[PDB]
């Protein structure tokens, strides 16, 4: 009997670090991704990553039911939520641009917890992890849609911890920034963030560790939280951003 995890949007953001490290820790890892609606994309992923179990199901209720049918139960949920950040002055958005952000970044993790929480509560075990964003900690101007939706997700995780603790289910939010996402455009691909001088310099300026975060670092945190080694952190919002933000110092002070 292996523990079963679900990682959503596995090709993007914190998906690969989460899935790879959870598998290394002995989980069966069912993986969701928009591309897995296509048989060829699902099978290519299954061939490259024989330790992972890509699923074709897209919608929350269908995904939870399919993983429960295939593997018995869902022990760990990693809601690795993504949406394209679009920078606009507030008056240049359409209201639908905010609705799109809240559907992808708040309603979707809510729907996944809504669909899985009953089976976890009945057996009094489970772990729920949202991958959110550190942007609420220090917003950039002109990203009001994405940034506020991510904060809704952070508070959703914290609020859920208060009710699910009675059932021995920890709930966590991991909010990254400057997390290297390799080939994925969500949100710091190798090109340009490791390849272009202006981007390399920006990352050195705005993070304390002066580098991007790695998929391994994100995955190590995900597997540590899912292990049951430190459930007493339930309710935490983790800022996985390398010491971002670095705050501009007065004139004359060095870099």
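Residue numbers count along the first chain shown, from 1.
(request) Averaging the C-alpha B factors as listed in the entry, name the stretch that ends up higher: 233 to 241 or 20 to 28. (result) Result: 20 to 28.
(message) Quick check: 50 to 58 versus 64 to 72, which has the larger average CA B-factor in the record?
(response) Going by the record's values, the stretch with the higher mean is 64 to 72.
(request) Taking the values exactly as deposited, rank residue 5 by C-alpha B-factor within its chain and report the matching third: lowest, middle or highest. (result) Tercile = middle for this residue's CA B-factor.
(request) Name the third of the chain's ranked CA B-factors that contains residue 223, choosing lowest, middle or highest. (result) CA B-factor rank for residue 223: middle third.
(message) Ranking the modelled residues of this chain by C-alpha B-factor as given in the entry, is residue 155 in the lowest, middle or highest third?
(response) Lowest third - that is where residue 155 ends up once the chain's C-alpha B-factors are sorted.
(message) Sorting by Cα B-factor within the chain, modelled residues only, which third would residue 126 end up in: lowest, middle or highest?
(response) Its C-alpha B-factor, which the entry lists for residue 126, ranks in the highest third among residues of this chain.
(request) Name the third of the chain's ranked CA B-factors that contains residue 184, choosing lowest, middle or highest. (result) Middle third of the chain for residue 184's C-alpha B-factor.
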